[PDB]
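Reproduced below: query-v1.txt, with compact mmCIF, N, CA and C atoms.
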# COMPACT_ATOMS: atom_id res chain seq x y z
N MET A 417 -215.69 -53.07 48.19
CA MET A 417 -215.11 -52.48 46.96
C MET A 417 -214.30 -51.23 47.33
N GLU A 418 -213.03 -51.24 47.04
CA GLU A 418 -212.17 -50.08 47.38
C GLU A 418 -212.29 -49.02 46.29
N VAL A 419 -211.84 -47.81 46.56
CA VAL A 419 -211.93 -46.72 45.54
C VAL A 419 -210.52 -46.27 45.16
N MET A 420 -210.25 -46.18 43.89
CA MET A 420 -208.90 -45.77 43.42
C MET A 420 -208.90 -44.26 43.16
N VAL A 421 -207.92 -43.57 43.67
CA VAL A 421 -207.83 -42.09 43.45
C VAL A 421 -206.42 -41.74 43.01
N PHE A 422 -206.23 -40.56 42.47
CA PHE A 422 -204.88 -40.14 42.00
C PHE A 422 -204.49 -38.84 42.68
N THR A 423 -203.22 -38.69 42.98
CA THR A 423 -202.74 -37.45 43.65
C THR A 423 -202.09 -36.54 42.59
N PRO A 424 -201.67 -35.36 42.97
CA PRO A 424 -201.01 -34.40 42.03
C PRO A 424 -199.80 -35.02 41.32
N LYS A 425 -199.09 -35.88 41.98
CA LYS A 425 -197.89 -36.51 41.35
C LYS A 425 -198.33 -37.67 40.46
N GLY A 426 -199.60 -37.98 40.44
CA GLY A 426 -200.09 -39.09 39.58
C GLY A 426 -199.88 -40.43 40.30
N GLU A 427 -199.51 -40.39 41.55
CA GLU A 427 -199.27 -41.66 42.29
C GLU A 427 -200.59 -42.39 42.54
N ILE A 428 -200.54 -43.69 42.62
CA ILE A 428 -201.79 -44.48 42.85
C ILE A 428 -202.03 -44.65 44.35
N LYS A 429 -203.18 -44.25 44.83
CA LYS A 429 -203.50 -44.40 46.28
C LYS A 429 -204.88 -45.02 46.41
N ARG A 430 -204.94 -46.23 46.90
CA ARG A 430 -206.25 -46.92 47.05
C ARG A 430 -206.78 -46.69 48.46
N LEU A 431 -208.05 -46.40 48.58
CA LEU A 431 -208.66 -46.15 49.93
C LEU A 431 -209.82 -47.14 50.13
N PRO A 432 -210.07 -47.55 51.36
CA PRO A 432 -211.18 -48.51 51.67
C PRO A 432 -212.57 -47.89 51.48
N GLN A 433 -213.57 -48.71 51.28
CA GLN A 433 -214.95 -48.19 51.07
C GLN A 433 -215.37 -47.31 52.25
N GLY A 434 -216.04 -46.22 51.96
CA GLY A 434 -216.49 -45.31 53.05
C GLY A 434 -215.35 -44.37 53.43
N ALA A 435 -214.32 -44.33 52.63
CA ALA A 435 -213.16 -43.44 52.94
C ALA A 435 -213.57 -41.97 52.79
N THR A 436 -212.88 -41.09 53.48
CA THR A 436 -213.21 -39.63 53.40
C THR A 436 -211.95 -38.83 53.07
N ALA A 437 -212.10 -37.55 52.86
CA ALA A 437 -210.93 -36.69 52.54
C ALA A 437 -209.90 -36.77 53.67
N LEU A 438 -210.36 -36.90 54.88
CA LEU A 438 -209.41 -37.00 56.03
C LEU A 438 -208.55 -38.25 55.88
N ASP A 439 -209.16 -39.34 55.49
CA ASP A 439 -208.40 -40.61 55.33
C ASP A 439 -207.32 -40.45 54.25
N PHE A 440 -207.65 -39.82 53.16
CA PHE A 440 -206.65 -39.62 52.08
C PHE A 440 -205.47 -38.79 52.60
N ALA A 441 -205.75 -37.76 53.34
CA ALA A 441 -204.64 -36.91 53.88
C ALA A 441 -203.69 -37.79 54.69
N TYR A 442 -204.22 -38.66 55.50
CA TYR A 442 -203.35 -39.55 56.32
C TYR A 442 -202.57 -40.48 55.39
N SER A 443 -203.18 -40.92 54.32
CA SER A 443 -202.48 -41.84 53.39
C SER A 443 -201.21 -41.16 52.87
N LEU A 444 -201.28 -39.90 52.55
CA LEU A 444 -200.08 -39.19 52.04
C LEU A 444 -199.04 -39.06 53.16
N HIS A 445 -199.28 -38.19 54.11
CA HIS A 445 -198.30 -38.02 55.22
C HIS A 445 -199.05 -37.71 56.53
N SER A 446 -198.32 -37.52 57.60
CA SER A 446 -198.96 -37.23 58.92
C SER A 446 -198.90 -35.72 59.20
N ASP A 447 -197.71 -35.17 59.26
CA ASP A 447 -197.57 -33.72 59.55
C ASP A 447 -198.29 -32.90 58.48
N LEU A 448 -198.05 -33.20 57.23
CA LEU A 448 -198.71 -32.43 56.14
C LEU A 448 -200.23 -32.64 56.22
N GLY A 449 -200.65 -33.86 56.44
CA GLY A 449 -202.11 -34.16 56.50
C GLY A 449 -202.74 -33.44 57.70
N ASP A 450 -202.05 -33.36 58.80
CA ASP A 450 -202.63 -32.67 59.99
C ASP A 450 -202.71 -31.17 59.72
N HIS A 451 -202.00 -30.71 58.73
CA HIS A 451 -202.02 -29.25 58.40
C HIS A 451 -203.04 -29.02 57.28
N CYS A 452 -203.92 -29.97 57.07
CA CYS A 452 -204.94 -29.81 56.00
C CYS A 452 -206.00 -28.81 56.45
N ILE A 453 -206.12 -27.71 55.75
CA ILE A 453 -207.13 -26.67 56.12
C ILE A 453 -208.35 -26.82 55.21
N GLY A 454 -208.30 -27.73 54.28
CA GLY A 454 -209.47 -27.90 53.37
C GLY A 454 -209.24 -29.09 52.44
N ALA A 455 -210.09 -29.28 51.47
CA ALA A 455 -209.92 -30.42 50.53
C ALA A 455 -210.46 -30.03 49.16
N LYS A 456 -209.89 -30.54 48.11
CA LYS A 456 -210.37 -30.21 46.74
C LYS A 456 -210.45 -31.49 45.91
N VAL A 457 -211.61 -31.83 45.42
CA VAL A 457 -211.77 -33.07 44.61
C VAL A 457 -212.34 -32.73 43.23
N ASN A 458 -211.75 -33.27 42.19
CA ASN A 458 -212.23 -33.01 40.81
C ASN A 458 -212.24 -31.50 40.55
N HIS A 459 -211.20 -30.82 40.96
CA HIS A 459 -211.11 -29.35 40.74
C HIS A 459 -212.33 -28.66 41.33
N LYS A 460 -213.12 -29.39 42.09
CA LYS A 460 -214.35 -28.79 42.71
C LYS A 460 -214.21 -28.79 44.23
N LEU A 461 -214.73 -27.79 44.87
CA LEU A 461 -214.63 -27.70 46.36
C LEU A 461 -215.54 -28.73 47.02
N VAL A 462 -215.08 -29.33 48.08
CA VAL A 462 -215.92 -30.33 48.79
C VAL A 462 -215.52 -30.34 50.28
N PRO A 463 -216.45 -30.62 51.16
CA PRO A 463 -216.17 -30.65 52.63
C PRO A 463 -215.24 -31.81 53.02
N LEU A 464 -214.66 -31.73 54.19
CA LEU A 464 -213.73 -32.80 54.66
C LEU A 464 -214.49 -34.12 54.79
N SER A 465 -215.70 -34.08 55.28
CA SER A 465 -216.48 -35.33 55.44
C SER A 465 -217.00 -35.79 54.08
N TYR A 466 -216.53 -35.18 53.02
CA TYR A 466 -217.00 -35.57 51.66
C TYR A 466 -216.51 -36.98 51.31
N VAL A 467 -217.37 -37.79 50.76
CA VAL A 467 -216.97 -39.18 50.39
C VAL A 467 -216.16 -39.16 49.09
N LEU A 468 -215.03 -39.83 49.09
CA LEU A 468 -214.17 -39.85 47.87
C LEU A 468 -214.77 -40.76 46.80
N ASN A 469 -214.63 -40.38 45.55
CA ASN A 469 -215.17 -41.21 44.42
C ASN A 469 -214.01 -41.73 43.57
N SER A 470 -214.19 -42.87 42.96
CA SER A 470 -213.10 -43.45 42.12
C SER A 470 -212.89 -42.65 40.83
N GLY A 471 -211.71 -42.73 40.27
CA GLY A 471 -211.42 -41.99 39.01
C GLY A 471 -211.20 -40.51 39.29
N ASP A 472 -211.93 -39.95 40.22
CA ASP A 472 -211.76 -38.50 40.53
C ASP A 472 -210.41 -38.23 41.18
N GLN A 473 -209.83 -37.09 40.89
CA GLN A 473 -208.51 -36.74 41.49
C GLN A 473 -208.73 -36.08 42.84
N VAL A 474 -207.90 -36.39 43.81
CA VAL A 474 -208.05 -35.79 45.18
C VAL A 474 -206.82 -34.95 45.50
N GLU A 475 -207.03 -33.75 45.98
CA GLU A 475 -205.88 -32.86 46.33
C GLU A 475 -206.18 -32.18 47.67
N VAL A 476 -205.39 -32.46 48.67
CA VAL A 476 -205.63 -31.84 50.01
C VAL A 476 -205.07 -30.42 50.04
N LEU A 477 -205.80 -29.51 50.64
CA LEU A 477 -205.32 -28.10 50.70
C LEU A 477 -204.50 -27.90 51.97
N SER A 478 -203.34 -27.32 51.84
CA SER A 478 -202.47 -27.09 53.04
C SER A 478 -201.81 -25.71 52.93
N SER A 479 -201.60 -25.06 54.03
CA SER A 479 -200.97 -23.72 54.00
C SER A 479 -199.45 -23.89 53.89
N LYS A 480 -198.98 -25.11 54.02
CA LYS A 480 -197.51 -25.38 53.94
C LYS A 480 -196.74 -24.26 54.64
N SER A 481 -197.30 -23.73 55.69
CA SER A 481 -196.63 -22.62 56.42
C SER A 481 -195.30 -23.09 57.00
N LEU A 482 -194.31 -22.23 56.98
CA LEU A 482 -192.97 -22.60 57.52
C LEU A 482 -192.88 -22.09 58.97
N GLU A 483 -193.94 -21.52 59.47
CA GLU A 483 -193.92 -21.00 60.87
C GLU A 483 -193.70 -22.14 61.86
N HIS A 484 -192.97 -21.89 62.92
CA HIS A 484 -192.71 -22.96 63.93
C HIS A 484 -192.75 -22.36 65.33
N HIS A 485 -192.94 -23.18 66.33
CA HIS A 485 -193.00 -22.68 67.73
C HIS A 485 -194.07 -21.60 67.84
N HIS A 486 -194.98 -21.55 66.91
CA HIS A 486 -196.06 -20.53 66.96
C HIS A 486 -196.88 -20.73 68.24
N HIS A 487 -197.23 -21.95 68.56
CA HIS A 487 -198.03 -22.20 69.79
C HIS A 487 -197.10 -22.42 70.99
N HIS A 488 -197.58 -22.13 72.17
CA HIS A 488 -196.74 -22.30 73.39
C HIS A 488 -196.58 -23.78 73.74
N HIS A 489 -195.37 -24.21 73.97
CA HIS A 489 -195.13 -25.64 74.32
C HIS A 489 -195.50 -25.88 75.78

Would you mind writing the file's structure down as structure tokens?
Amino acid sequence: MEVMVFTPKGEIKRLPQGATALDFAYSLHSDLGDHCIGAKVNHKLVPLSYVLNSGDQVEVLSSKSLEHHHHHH
């Protein structure tokens, strides 16, 4: 049984059973998802290993920082 969740834009994103906040971040994008510093579900705080629930809204937290070349290549 898959779980249906909604993003801030109201887009439909279905995730497989046993899915986690990390999986949802990857569903949206790669660079933005890798910049996930936290997760927020149902306007309530929850850990990254938190299991996603159907009907509940999922929103990944990101610093959307514009900094670049911060780390040494």

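For stretch 475-480 of chain A, the set of protein, DNA and RNA residues having any atom at most 6 Å away, when counting only C-alpha atoms and skipping those fewer than 4 positions along the same chain, is residues 451, 452, 453, 454, 455 and 456 of chain A.
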
Report task. Within 10 Å of stretch 433-436 of chain A, counting only C-alpha atoms, which residues show up once you throw out same-chain ones fewer than 4 positions away? Write them as a VMD selection string, please. Result -> chain A and resid 417 to 419 440 to 441 463 to 469

Query - Shortest interatomic distance to residue A:424 - which of A:445, A:473, A:487, A:437, counting all atoms listed in the file - result: A:473

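As for atom N of residue A:474 and atom CA of residue A:457, they are spaced 5.2 Å apart.
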
Query raised in the report: Per DSSP on the backbone, what are the helix (DSSP H, G or I) residues of chain A, as a PyMOL selection string?
Result: chain A and resi 437-444+447-450

Requested in this report: Between atom CA of residue A:447 and atom CA of residue A:425, measure the distance and give it in Å to one decimal.
Outcome: 18.4 Å

Report task. Measure the distance from atom N of residue A:471 to atom C of residue A:420 in Å and round it to one decimal. Result -> 4.3 Å

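Across A:448, A:428, A:438, A:421, the tightest approach to residue A:470 is made by A:421 when counting only C-alpha atoms.
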
Mind working out the centre and edge lengths of an axis-aligned box for stretch 469-481 of chain A, all listed atoms inside, 6 Å added to each side, rounded to one decimal in Å and written as lines of an AutoDock Vina configuration file?
center_x = -205.2
center_y = -33.0
center_z = 48.0
size_x = 31.9
size_y = 32.8
size_z = 30.0

Requested in this report: From chain A, collect each residue whose DSSP state is strand (DSSP E) and return the set as number ranges by chain.
Outcome: A: 419-422, 428-431, 452-457, 460-461, 474-478

Some atoms are absent from stretch 433-454 of chain A, so rebuild N, CA, C and O atoms and return them as a compact mmCIF listing (two decimals), keeping the file's coordinate frame.
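Done, and the output landed in rebuild-v1.txt:
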# COMPACT_ATOMS: atom_id res chain seq x y z
N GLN A 433 -213.57 -48.71 51.28
CA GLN A 433 -214.95 -48.19 51.07
C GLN A 433 -215.37 -47.31 52.25
O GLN A 433 -215.11 -47.61 53.39
N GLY A 434 -216.04 -46.22 51.96
CA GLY A 434 -216.49 -45.31 53.05
C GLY A 434 -215.35 -44.37 53.43
O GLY A 434 -215.39 -43.70 54.44
N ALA A 435 -214.32 -44.33 52.63
CA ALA A 435 -213.16 -43.44 52.94
C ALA A 435 -213.57 -41.97 52.79
O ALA A 435 -214.48 -41.64 52.06
N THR A 436 -212.88 -41.09 53.48
CA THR A 436 -213.21 -39.63 53.40
C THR A 436 -211.95 -38.83 53.07
O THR A 436 -210.86 -39.36 53.00
N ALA A 437 -212.10 -37.55 52.86
CA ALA A 437 -210.93 -36.69 52.54
C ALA A 437 -209.90 -36.77 53.67
O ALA A 437 -208.71 -36.72 53.45
N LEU A 438 -210.36 -36.90 54.88
CA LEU A 438 -209.41 -37.00 56.03
C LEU A 438 -208.55 -38.25 55.88
O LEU A 438 -207.36 -38.24 56.10
N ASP A 439 -209.16 -39.34 55.49
CA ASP A 439 -208.40 -40.61 55.33
C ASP A 439 -207.32 -40.45 54.25
O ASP A 439 -206.20 -40.89 54.41
N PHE A 440 -207.65 -39.82 53.16
CA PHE A 440 -206.65 -39.62 52.08
C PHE A 440 -205.47 -38.79 52.60
O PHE A 440 -204.33 -39.09 52.33
N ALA A 441 -205.75 -37.76 53.34
CA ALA A 441 -204.64 -36.91 53.88
C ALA A 441 -203.69 -37.79 54.69
O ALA A 441 -202.48 -37.68 54.58
N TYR A 442 -204.22 -38.66 55.50
CA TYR A 442 -203.35 -39.55 56.32
C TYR A 442 -202.57 -40.48 55.39
O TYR A 442 -201.43 -40.82 55.64
N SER A 443 -203.18 -40.92 54.32
CA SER A 443 -202.48 -41.84 53.39
C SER A 443 -201.21 -41.16 52.87
O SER A 443 -200.17 -41.78 52.75
N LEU A 444 -201.28 -39.90 52.55
CA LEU A 444 -200.08 -39.19 52.04
C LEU A 444 -199.04 -39.06 53.16
O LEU A 444 -198.04 -39.74 53.16
N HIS A 445 -199.28 -38.19 54.11
CA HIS A 445 -198.30 -38.02 55.22
C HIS A 445 -199.05 -37.71 56.53
O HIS A 445 -200.26 -37.65 56.56
N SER A 446 -198.32 -37.52 57.60
CA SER A 446 -198.96 -37.23 58.92
C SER A 446 -198.90 -35.72 59.20
O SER A 446 -199.90 -35.07 59.39
N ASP A 447 -197.71 -35.17 59.26
CA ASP A 447 -197.57 -33.72 59.55
C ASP A 447 -198.29 -32.90 58.48
O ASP A 447 -199.04 -31.99 58.77
N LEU A 448 -198.05 -33.20 57.23
CA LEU A 448 -198.71 -32.43 56.14
C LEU A 448 -200.23 -32.64 56.22
O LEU A 448 -201.01 -31.72 56.06
N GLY A 449 -200.65 -33.86 56.44
CA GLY A 449 -202.11 -34.16 56.50
C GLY A 449 -202.74 -33.44 57.70
O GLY A 449 -203.86 -32.97 57.62
N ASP A 450 -202.05 -33.36 58.80
CA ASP A 450 -202.63 -32.67 59.99
C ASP A 450 -202.71 -31.17 59.72
O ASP A 450 -203.40 -30.44 60.39
N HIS A 451 -202.00 -30.71 58.73
CA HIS A 451 -202.02 -29.25 58.40
C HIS A 451 -203.04 -29.02 57.28
O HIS A 451 -203.04 -28.00 56.62
N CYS A 452 -203.92 -29.97 57.07
CA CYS A 452 -204.94 -29.81 56.00
C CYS A 452 -206.00 -28.81 56.45
O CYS A 452 -206.71 -29.03 57.41
N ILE A 453 -206.12 -27.71 55.75
CA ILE A 453 -207.13 -26.67 56.12
C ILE A 453 -208.35 -26.82 55.21
O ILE A 453 -209.33 -26.11 55.36
N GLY A 454 -208.30 -27.73 54.28
CA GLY A 454 -209.47 -27.90 53.37
C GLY A 454 -209.24 -29.09 52.44
O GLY A 454 -208.29 -29.84 52.60
